Amino acid sequence: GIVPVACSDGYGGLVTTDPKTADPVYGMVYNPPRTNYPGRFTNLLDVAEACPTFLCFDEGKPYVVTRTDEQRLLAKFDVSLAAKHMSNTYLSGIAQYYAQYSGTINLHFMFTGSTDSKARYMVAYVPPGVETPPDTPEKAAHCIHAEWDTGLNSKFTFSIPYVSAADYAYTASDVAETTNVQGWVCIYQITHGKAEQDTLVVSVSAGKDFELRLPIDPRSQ
Amino acid sequence: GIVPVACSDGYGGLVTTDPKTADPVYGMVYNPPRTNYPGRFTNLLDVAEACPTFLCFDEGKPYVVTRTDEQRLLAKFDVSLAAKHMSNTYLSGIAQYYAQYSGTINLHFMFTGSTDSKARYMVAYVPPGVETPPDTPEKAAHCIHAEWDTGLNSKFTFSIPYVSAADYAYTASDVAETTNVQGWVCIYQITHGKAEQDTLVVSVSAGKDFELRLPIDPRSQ
Amino acid sequence: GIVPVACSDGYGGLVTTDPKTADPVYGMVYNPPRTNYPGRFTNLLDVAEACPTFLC
Amino acid sequence: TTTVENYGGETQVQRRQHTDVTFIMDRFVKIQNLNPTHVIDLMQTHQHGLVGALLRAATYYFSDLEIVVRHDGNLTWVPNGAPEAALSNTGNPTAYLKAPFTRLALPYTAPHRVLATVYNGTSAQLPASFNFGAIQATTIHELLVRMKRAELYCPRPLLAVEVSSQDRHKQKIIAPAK
Amino acid sequence: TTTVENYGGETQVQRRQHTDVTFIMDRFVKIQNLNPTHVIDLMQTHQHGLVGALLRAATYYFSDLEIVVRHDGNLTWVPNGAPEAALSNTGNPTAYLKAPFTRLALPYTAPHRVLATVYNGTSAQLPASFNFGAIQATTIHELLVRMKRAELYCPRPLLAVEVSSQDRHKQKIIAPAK
Amino acid sequence: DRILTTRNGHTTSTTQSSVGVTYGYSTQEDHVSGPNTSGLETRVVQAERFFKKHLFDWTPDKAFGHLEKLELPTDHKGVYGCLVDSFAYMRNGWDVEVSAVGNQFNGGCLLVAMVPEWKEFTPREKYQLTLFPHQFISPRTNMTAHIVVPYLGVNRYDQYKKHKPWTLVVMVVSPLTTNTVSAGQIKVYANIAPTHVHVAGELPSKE
Amino acid sequence: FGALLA
């Protein structure tokens, strides 16, 4: 006779992400060659790692400034891809479509002051576990930190290390979260010399081991 | 043309235990490594054989005692995984999910008395076929039994042999059963010397050849 | 795409004598050995040929 | 380990196939408390059910999943850690209604190397991250879960029904009629 | 590129499979504005949907297509550049109604080597030739599009929801009940 | 022969009444360096040493089932304690030693066990505590239990202020018996030492 | 004397 089969219940339905491919209906279509078309990207993170985007500060400014020349906290932000300061970055734009992440996140600092202005900054990673962020360089010194001068090289880069209990972390932040789960990043100005109106532009990119997993379509549609 | 098939009646339905596997819908998920995570068990009986659990006596006591120093039956219990004395053991907890069993069951005895207390006990397997269990060591001596002293080694182990007509036995006990089907186990105190307040702790584990088969979900849900 | 098939009319019904075998649902059951059990017969005529019975 | 050889007996051969962890956990079980929006949490299985009790008889575990859902409207699944709002969009794995129900294979998506049945501390209750994601549909009538490739770690107590009869727990065992 | 090695750390291994362009774009998405006669235009996807936003985060693209259509009457597809009147004839790929819907594979048929999401000039709006053809039926209830073998060129901005809370965008994340 | 000398750091414990050492679940430790610490973890040996704690007084009145527990880690006023306040993440095992000193004339039995993810146990569950790394203490046989367990938990590193994986448990199996020659009661003490101590996220100073 | 667990 013919082949006996059992149509199984629970299977066959359409799944928006199944690996099946439909049946072709119009064949033998040859398309104009696309070999060597400039600017192709095959992985979102390749782009995210090579193109830092601007952080968003006080009044939609991609930089911080200071009038006093004493020690002061220039900025403090949550180490979250959902942080306000990251809201306009490409990294966060990409991250919103993934449930989890892990890895290094790079911060880029660029001094825009004149030649006659010098400054010394410090950036620190404050892990979760403390009630409030350190308001002074002294206190923050005990954390993982870096300090630098502004000379011929006006650009500096710092890696925010992935340090959590779990091997992965959520990209979104739950309303339950009181204090940020992944800690904070603090940018201090140790001191400066005649740099009152000069600014420090900050941007962020993905680190060599930054990784996103578990795609999601969360936006309200 | 195409392949002719016969959708067979009686097949295709979902069976809570079928060997089929569903179609994946979310692919390429790599999970954190679990290599070398401590305490993994692959078979319930490996655990049941290595971790004896306490029997339950008179008033929820995992031990027996005695005030008189004459020959007396300390305890008698049905050789059933549904016996009251086994109700709190891990072996019975596991056995309830299987219809049949066969094999050796190990009893462990541990004397907790002081150094100045000595005792001599006897344990016997009374097969089915007798109306009532032997009330004295003399009568029980004709059965498969073991006798022992309490000295430097305060622990003793005895194997309850599988002896039935069938190659397997039920784990549950039917309401029809008047006298236990698999016989009894009797623990006697031959005599003791100044061990009036001292106790004998009893526990049970699975033997090398203990076996459970035919899984079932019996509990009221 | 996927494999195209034609569900054929007249086939698939249950036949009390078909050669099909059902799908197992409870696996890995080992049964007590029956090797050497006395008195087994594999064909009715073996018995019929060796055991005459009475006429009436 | 002691054997019957001590008094002249002979230890036999044992087939422990049925007490193998992976095998025993590999079957469908029900989840009773359901809602149109449901977060898949294995601790929602019955505490005395074959799988529920065995799972609770372990401290740590790991396994992928397979589920069966009888629902109205389309079913949408979302991974561990996803915003609840995401369940409304088709971009996420969405299965279009096909009678009598939908059967899917889901991967472990927790951010932890393994999960726990008991957790001594704060994230009583277990941490919110201990889940296999969430599913949503107009109405969810039934949900069956199945643990594939199960691994169990650090055994904990497992109890049989307590006995009052003072000798044996007796109950009606199946037997022929007439 | 800087690493955590600068201060004694150690860069780990990364699995970027999920951020692979071809993979991420390869899933069904909805098209909301529908009509009995509809021209397939990928820019008709939602601007914030997983696929819609990622597509718009690129200047040029190419891909074949796969579509799902729930319709009444028979469905007829016509290639890029065909007269609208052609949709009325069976000579063109026509699919006869078979519940619950029709799933087809369509090839890229634009006359350009690649298409664009933005076009600075005249053929605001995009050129009419930027389409994957048109489909027609008595009534079209739903339309899902899927980008097969996708290629993206020249990335453009991609935005997350803007934050007002001045610190973090918080939202309900899925978690067990009870 | 039966005399054991344990050494952790610059501290030692010589037990003559020992049954042996029980290693729970494993004799090896899961790699202390994983991807969650980005190679920024270090080992603090100065903290791997003994510290004491009194558990309870074992008396004749305490019946079967009486249970006492000590969740680890506990408040530590030493080097280890300093670590807990200076770092966000830690991980470590435990070398535990429990002693109930009386005399060979006391009778009775105690169950000493290390339990992962402690949960209040029901009377019935107590009959199965032997499923956990344990050892018994019976005056006629030994006055010291010794258990060694490794670190574990869903996370490779922990925040002890929010979660305590291991919990020491001591339960009366058979009540203490007393003669006219025996001791009246037995005080149970614990000699604990953290093992393979690793810290990760350095915190700022609280001033 | 005896065993050592250094």
# chains A, B, ... in the order shown; residues from 1 in each chain; ligands from 1
>>> interface_residues(of="chain B", to="chain F", cutoff="9 Å", atoms="only C-alpha atoms", output="PyMOL selection string")
chain B and resi 35-40+47-48+50-56+60-63+87-90+111-117+152-154+197-201
>>> residues_around(residues="residue A:72", least_positions_apart="4", cutoff="8 Å", atoms="only C-alpha atoms", output="VMD selection string")
chain A and resid 135 to 137 188 to 190
>>> atom_distance(atom1="atom CA of residue F:33", atom2="atom CA of residue F:93")
14.7 Å
>>> interface_residues(of="chain E", to="chain F", cutoff="10 Å", atoms="only C-alpha atoms", output="list in words")
residues 4, 5, 7, 8, 9, 10, 11, 12 and 13 of chain E
>>> write_last_selection(atoms="C-alpha atoms", output="short mmCIF file (atom, residue, chain, number, x, y, z; two decimals), in the first residue's frame")
data_model
loop_
_atom_site.label_atom_id
_atom_site.label_comp_id
_atom_site.auth_asym_id
_atom_site.auth_seq_id
_atom_site.Cartn_x
_atom_site.Cartn_y
_atom_site.Cartn_z
CA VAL E 4 39.91 45.37 31.46
CA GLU E 5 43.50 44.09 31.23
CA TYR E 7 43.96 47.34 35.46
CA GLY E 8 44.50 43.60 36.01
CA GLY E 9 41.28 42.18 34.60
CA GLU E 10 40.84 39.46 32.01
CA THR E 11 38.76 39.76 28.84
CA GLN E 12 36.35 36.86 28.45
CA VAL E 13 34.94 34.92 25.48
#
>>> interface_residues(of="chain C", to="chain D", cutoff="12 Å", atoms="only C-alpha atoms", output="ChimeraX atom specification")
/C:25-32
>>> select_by_dssp(residues="stretch 107-172 of chain D", states="strand (DSSP E)", output="ChimeraX atom specification")
/D:115-116,134-136,139-155
>>> residues_around(residues="residue C:2", least_positions_apart="3", cutoff="9 Å", atoms="only C-alpha atoms", output="PyMOL selection string")
chain A and resi 20-23
>>> write_last_selection(atoms="N, CA, C and O atoms", output="PDB file, in the first residue's frame")
ATOM      1  N   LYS A  20      11.376  26.625   9.644  1.00  0.00           N
ATOM      2  CA  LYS A  20      10.842  26.172   8.364  1.00  0.00           C
ATOM      3  C   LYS A  20      10.996  27.274   7.305  1.00  0.00           C
ATOM      4  O   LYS A  20      11.110  28.459   7.633  1.00  0.00           O
ATOM      5  N   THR A  21      11.006  26.873   6.037  1.00  0.00           N
ATOM      6  CA  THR A  21      11.088  27.816   4.924  1.00  0.00           C
ATOM      7  C   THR A  21       9.870  27.516   4.061  1.00  0.00           C
ATOM      8  O   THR A  21       9.498  26.358   3.904  1.00  0.00           O
ATOM      9  N   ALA A  22       9.240  28.548   3.514  1.00  0.00           N
ATOM     10  CA  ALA A  22       8.053  28.349   2.690  1.00  0.00           C
ATOM     11  C   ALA A  22       8.377  27.760   1.323  1.00  0.00           C
ATOM     12  O   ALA A  22       9.549  27.624   0.945  1.00  0.00           O
ATOM     13  N   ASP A  23       7.327  27.399   0.589  1.00  0.00           N
ATOM     14  CA  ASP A  23       7.493  26.844  -0.746  1.00  0.00           C
ATOM     15  C   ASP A  23       7.581  27.995  -1.743  1.00  0.00           C
ATOM     16  O   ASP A  23       6.770  28.925  -1.703  1.00  0.00           O
TER      17      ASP A  23
END
>>> residues_around(residues="stretch 70-75 of chain D", least_positions_apart="4", cutoff="6 Å", atoms="only C-alpha atoms", output="PDB file with C-alpha atoms, in the first residue's frame")
ATOM      1  CA  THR D  94       4.387  33.558  18.698  1.00  0.00           C
ATOM      2  CA  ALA D  95       2.405  30.421  17.877  1.00  0.00           C
ATOM      3  CA  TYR D  96      -0.790  30.752  15.882  1.00  0.00           C
ATOM      4  CA  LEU D  97      -3.765  28.823  17.189  1.00  0.00           C
ATOM      5  CA  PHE D 101      -3.283  22.830  21.510  1.00  0.00           C
ATOM      6  CA  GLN D 136       0.523  34.908  27.123  1.00  0.00           C
ATOM      7  CA  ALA D 137      -2.714  34.396  25.226  1.00  0.00           C
ATOM      8  CA  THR D 138      -6.310  35.552  25.406  1.00  0.00           C
ATOM      9  CA  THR D 139      -7.029  32.613  27.667  1.00  0.00           C
ATOM     10  CA  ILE D 140      -4.894  29.753  28.915  1.00  0.00           C
ATOM     11  CA  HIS D 141      -6.927  26.656  29.761  1.00  0.00           C
ATOM     12  CA  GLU D 142      -4.244  24.099  30.487  1.00  0.00           C
TER      13      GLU D 142
END
>>> residues_around(residues="stretch 80-91 of chain E", least_positions_apart="4", cutoff="8 Å", atoms="only C-alpha atoms", output="VMD selection string")
chain E and resid 76 109 to 111 129 131 to 136
>>> select_by_dssp(residues="stretch 26-219 of chain A", states="alpha helix (DSSP H)", output="ChimeraX atom specification")
/A:44-50,90-95,137-140
>>> interface_residues(of="chain A", to="chain B", cutoff="7 Å", atoms="only C-alpha atoms", output="list in words")
residues 2, 3, 4, 5, 6, 7, 8, 9, 17, 18 and 167 of chain A
>>> write_last_selection(atoms="N, CA, C and O atoms", output="PDB file, in the first residue's frame")
ATOM      1  N   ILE A   2       0.358   2.271   0.760  1.00  0.00           N
ATOM      2  CA  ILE A   2       1.042   3.557   0.864  1.00  0.00           C
ATOM      3  C   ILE A   2       1.641   3.720   2.264  1.00  0.00           C
ATOM      4  O   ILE A   2       1.446   2.869   3.133  1.00  0.00           O
ATOM      5  N   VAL A   3       2.362   4.816   2.484  1.00  0.00           N
ATOM      6  CA  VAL A   3       3.004   5.066   3.774  1.00  0.00           C
ATOM      7  C   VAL A   3       2.050   5.541   4.860  1.00  0.00           C
ATOM      8  O   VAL A   3       1.366   6.553   4.701  1.00  0.00           O
ATOM      9  N   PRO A   4       2.002   4.817   5.989  1.00  0.00           N
ATOM     10  CA  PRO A   4       1.131   5.165   7.115  1.00  0.00           C
ATOM     11  C   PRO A   4       1.791   6.220   7.989  1.00  0.00           C
ATOM     12  O   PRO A   4       2.960   6.100   8.367  1.00  0.00           O
ATOM     13  N   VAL A   5       1.038   7.262   8.303  1.00  0.00           N
ATOM     14  CA  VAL A   5       1.566   8.334   9.120  1.00  0.00           C
ATOM     15  C   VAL A   5       0.589   8.710  10.204  1.00  0.00           C
ATOM     16  O   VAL A   5      -0.601   8.415  10.116  1.00  0.00           O
ATOM     17  N   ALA A   6       1.116   9.369  11.227  1.00  0.00           N
ATOM     18  CA  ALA A   6       0.321   9.816  12.351  1.00  0.00           C
ATOM     19  C   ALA A   6       0.436  11.328  12.448  1.00  0.00           C
ATOM     20  O   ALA A   6       1.490  11.860  12.795  1.00  0.00           O
ATOM     21  N   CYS A   7      -0.645  12.023  12.120  1.00  0.00           N
ATOM     22  CA  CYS A   7      -0.645  13.477  12.196  1.00  0.00           C
ATOM     23  C   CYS A   7      -0.648  13.799  13.694  1.00  0.00           C
ATOM     24  O   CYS A   7      -1.646  13.580  14.371  1.00  0.00           O
ATOM     25  N   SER A   8       0.475  14.305  14.205  1.00  0.00           N
ATOM     26  CA  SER A   8       0.621  14.612  15.630  1.00  0.00           C
ATOM     27  C   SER A   8       0.000  15.924  16.137  1.00  0.00           C
ATOM     28  O   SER A   8       0.267  16.998  15.599  1.00  0.00           O
ATOM     29  N   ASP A   9      -0.819  15.822  17.187  1.00  0.00           N
ATOM     30  CA  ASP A   9      -1.477  16.983  17.796  1.00  0.00           C
ATOM     31  C   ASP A   9      -0.452  17.867  18.507  1.00  0.00           C
ATOM     32  O   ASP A   9       0.445  17.364  19.178  1.00  0.00           O
ATOM     33  N   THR A  17       8.872  32.351  14.653  1.00  0.00           N
ATOM     34  CA  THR A  17      10.318  32.163  14.649  1.00  0.00           C
ATOM     35  C   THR A  17      10.754  30.759  14.254  1.00  0.00           C
ATOM     36  O   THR A  17      11.924  30.424  14.422  1.00  0.00           O
ATOM     37  N   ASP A  18       9.847  29.934  13.726  1.00  0.00           N
ATOM     38  CA  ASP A  18      10.254  28.578  13.365  1.00  0.00           C
ATOM     39  C   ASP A  18      11.313  28.596  12.280  1.00  0.00           C
ATOM     40  O   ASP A  18      11.478  29.586  11.572  1.00  0.00           O
ATOM     41  N   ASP A 167      26.223  35.014  35.704  1.00  0.00           N
ATOM     42  CA  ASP A 167      27.046  35.091  34.509  1.00  0.00           C
ATOM     43  C   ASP A 167      26.458  36.050  33.475  1.00  0.00           C
ATOM     44  O   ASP A 167      27.142  36.465  32.537  1.00  0.00           O
TER      45      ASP A 167
END
>>> residues_around(residues="residue A:126", least_positions_apart="3", cutoff="8 Å", atoms="only C-alpha atoms", output="count of residues only")
11
>>> closest_atom_pairs(of="chain E", to="chain D", cutoff="7 Å", atoms="only C-alpha atoms", output="CSV")
residue,atom,partner,partner_atom,distance
E:28,CA,D:91,CA,6.5
E:29,CA,D:91,CA,5.7
E:50,CA,D:91,CA,6.3
E:171,CA,D:83,CA,6.7
E:172,CA,D:83,CA,5.8
E:173,CA,D:83,CA,4.2
E:174,CA,D:84,CA,5.1
E:175,CA,D:128,CA,4.8
E:176,CA,D:39,CA,5.5
>>> write_last_selection(atoms="C-alpha atoms", output="mmCIF file, in the first residue's frame")
data_model
loop_
_atom_site.group_PDB
_atom_site.id
_atom_site.type_symbol
_atom_site.label_atom_id
_atom_site.label_comp_id
_atom_site.auth_asym_id
_atom_site.auth_seq_id
_atom_site.Cartn_x
_atom_site.Cartn_y
_atom_site.Cartn_z
ATOM 1 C CA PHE E 28 7.915 37.225 11.117
ATOM 2 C CA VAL E 29 6.671 40.744 11.774
ATOM 3 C CA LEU E 50 12.355 44.489 16.535
ATOM 4 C CA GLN E 171 9.429 48.742 33.815
ATOM 5 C CA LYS E 172 7.674 45.572 34.960
ATOM 6 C CA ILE E 173 9.926 42.572 34.265
ATOM 7 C CA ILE E 174 8.357 39.099 34.290
ATOM 8 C CA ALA E 175 8.481 37.219 37.578
ATOM 9 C CA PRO E 176 6.687 34.273 39.279
#
>>> closest_atom_pairs(of="chain D", to="chain B", cutoff="7 Å", atoms="only C-alpha atoms", output="JSON lines")
{"residue": "D:2", "atom": "CA", "partner": "B:159", "partner_atom": "CA", "distance": 6.6}
{"residue": "D:3", "atom": "CA", "partner": "B:159", "partner_atom": "CA", "distance": 5.9}
{"residue": "D:4", "atom": "CA", "partner": "B:159", "partner_atom": "CA", "distance": 5.6}
{"residue": "D:11", "atom": "CA", "partner": "B:209", "partner_atom": "CA", "distance": 6.3}
{"residue": "D:12", "atom": "CA", "partner": "B:209", "partner_atom": "CA", "distance": 5.7}
{"residue": "D:13", "atom": "CA", "partner": "B:209", "partner_atom": "CA", "distance": 5.9}
{"residue": "D:14", "atom": "CA", "partner": "B:209", "partner_atom": "CA", "distance": 5.0}
{"residue": "D:15", "atom": "CA", "partner": "B:211", "partner_atom": "CA", "distance": 6.4}
{"residue": "D:16", "atom": "CA", "partner": "B:211", "partner_atom": "CA", "distance": 6.0}
{"residue": "D:18", "atom": "CA", "partner": "B:213", "partner_atom": "CA", "distance": 5.5}
{"residue": "D:19", "atom": "CA", "partner": "B:44", "partner_atom": "CA", "distance": 5.4}
{"residue": "D:20", "atom": "CA", "partner": "B:43", "partner_atom": "CA", "distance": 4.3}
{"residue": "D:21", "atom": "CA", "partner": "B:42", "partner_atom": "CA", "distance": 5.2}
{"residue": "D:27", "atom": "CA", "partner": "B:17", "partner_atom": "CA", "distance": 5.1}
{"residue": "D:28", "atom": "CA", "partner": "B:16", "partner_atom": "CA", "distance": 4.9}
{"residue": "D:46", "atom": "CA", "partner": "B:221", "partner_atom": "CA", "distance": 6.8}
{"residue": "D:48", "atom": "CA", "partner": "B:219", "partner_atom": "CA", "distance": 5.9}
{"residue": "D:49", "atom": "CA", "partner": "B:217", "partner_atom": "CA", "distance": 6.1}
{"residue": "D:50", "atom": "CA", "partner": "B:217", "partner_atom": "CA", "distance": 4.9}
{"residue": "D:66", "atom": "CA", "partner": "B:22", "partner_atom": "CA", "distance": 6.7}
{"residue": "D:93", "atom": "CA", "partner": "B:25", "partner_atom": "CA", "distance": 6.8}
{"residue": "D:103", "atom": "CA", "partner": "B:22", "partner_atom": "CA", "distance": 6.3}
{"residue": "D:104", "atom": "CA", "partner": "B:22", "partner_atom": "CA", "distance": 5.5}
{"residue": "D:105", "atom": "CA", "partner": "B:24", "partner_atom": "CA", "distance": 4.7}
{"residue": "D:106", "atom": "CA", "partner": "B:24", "partner_atom": "CA", "distance": 6.6}
{"residue": "D:113", "atom": "CA", "partner": "B:32", "partner_atom": "CA", "distance": 4.9}
{"residue": "D:152", "atom": "CA", "partner": "B:40", "partner_atom": "CA", "distance": 5.8}
{"residue": "D:153", "atom": "CA", "partner": "B:40", "partner_atom": "CA", "distance": 4.2}
{"residue": "D:154", "atom": "CA", "partner": "B:39", "partner_atom": "CA", "distance": 4.9}
{"residue": "D:157", "atom": "CA", "partner": "B:90", "partner_atom": "CA", "distance": 6.6}
{"residue": "D:158", "atom": "CA", "partner": "B:93", "partner_atom": "CA", "distance": 5.1}
{"residue": "D:159", "atom": "CA", "partner": "B:93", "partner_atom": "CA", "distance": 4.4}
{"residue": "D:160", "atom": "CA", "partner": "B:93", "partner_atom": "CA", "distance": 4.4}
{"residue": "D:161", "atom": "CA", "partner": "B:87", "partner_atom": "CA", "distance": 6.9}
{"residue": "D:162", "atom": "CA", "partner": "B:87", "partner_atom": "CA", "distance": 5.6}
{"residue": "D:163", "atom": "CA", "partner": "B:84", "partner_atom": "CA", "distance": 5.2}
{"residue": "D:166", "atom": "CA", "partner": "B:84", "partner_atom": "CA", "distance": 5.7}
{"residue": "D:167", "atom": "CA", "partner": "B:84", "partner_atom": "CA", "distance": 5.0}
{"residue": "D:168", "atom": "CA", "partner": "B:83", "partner_atom": "CA", "distance": 4.1}
{"residue": "D:169", "atom": "CA", "partner": "B:82", "partner_atom": "CA", "distance": 5.3}
{"residue": "D:170", "atom": "CA", "partner": "B:173", "partner_atom": "CA", "distance": 4.8}
{"residue": "D:171", "atom": "CA", "partner": "B:174", "partner_atom": "CA", "distance": 4.9}
{"residue": "D:172", "atom": "CA", "partner": "B:174", "partner_atom": "CA", "distance": 5.2}
{"residue": "D:173", "atom": "CA", "partner": "B:174", "partner_atom": "CA", "distance": 5.3}
